[PDB]
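Okay, here we've got a single chain as structure tokens, the form deposited in one PDB entry, with questions on binding and movement later.
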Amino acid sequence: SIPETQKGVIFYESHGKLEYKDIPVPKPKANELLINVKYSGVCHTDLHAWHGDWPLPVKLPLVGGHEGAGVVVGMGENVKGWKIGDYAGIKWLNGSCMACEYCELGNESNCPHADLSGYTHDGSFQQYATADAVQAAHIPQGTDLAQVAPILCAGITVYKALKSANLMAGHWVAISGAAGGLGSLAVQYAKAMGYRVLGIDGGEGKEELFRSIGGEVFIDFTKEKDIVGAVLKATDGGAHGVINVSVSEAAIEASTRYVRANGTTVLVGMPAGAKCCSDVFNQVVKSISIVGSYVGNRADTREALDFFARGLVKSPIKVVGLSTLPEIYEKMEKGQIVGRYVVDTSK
């Protein structure tokens, strides 16, 4: 019934060959779900873990991926709150000691023993994966496993970020990078949560797309020469919260100048070796807050997933084969980052 062999996209070296091939089916432990993965999300994070850019050592031979949507096929004796057949979601955060200051506060991310899918643990580019029964998303029955896989990283994240911005219904939120993978989700979660949405992005088509998902006010950065000035103009003081999901330092630092007084600019985008250098006078005189926001926790997960379940949030995906993958890892270099890729494991 459960096979011993399966297909996966492994690699035997830091920045080396990307062999799609037959590998073992991993056994699960007493705390783990055996998940038959149907679709795996794909984003730039999986390109970095491959290279060895981040300095934490990598678990070679390693199956990347951290956005797996699938089905509970087996489980360790001690697993709880899980039936066979349940739909299960594998996130960046695979596991945690569950016995430290941080793990107790739902800040399992900052756990010194953070187990990470597609990095220290074998991720979601394979037909069968193990996961911690606790951290695994509980996907409700009747949800397109393809469509949801993007929610499992970018969606949780942008939702958590949005709570962290610390807003009320009726407040303005600026999404800096609002036609991007993260931006366009941010825009929908923002709208569903009661907020007024202004947006910043550039060039061909990105404005019509923004409107078509409920954005109110667009600031074309290519045409508009004084971004701050318009943002202030448009919000009659400056945006109450701000989400930074561009890949541009300039645009982050701009954020400290268009955010409102008593307001909160939030860091999600982590451009390579970037630094946010805010003027101290401005920041004190206006009691401005600058908050970083990492992945989410079990609660954030459940919530983020309910808006999707309510149909209030959707990702414009496009599905390709799991054997295809090296091309995608290749295209991510070449520049053809463009829309949300998801991988079928049957192919």
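In this text, rigid core is short for the largest set of C-alphas that superpose within 1.5 Å between two forms. Quick note: we count residues from 1 along the sequence shown, nothing fancier.
Absent from the display: the form deposited in another entry. The rest refers to it.
- With the core superposed, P140 shows a C-alpha displacement below 2 Å between this form and the one not shown.
- Relative to the superposed core, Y87 shifts its CA atom by less than 2 Å between this form and the one not shown.
- Core-superposed comparison between this form and the one not shown: the CA of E303 stays below a 2 Å shift.
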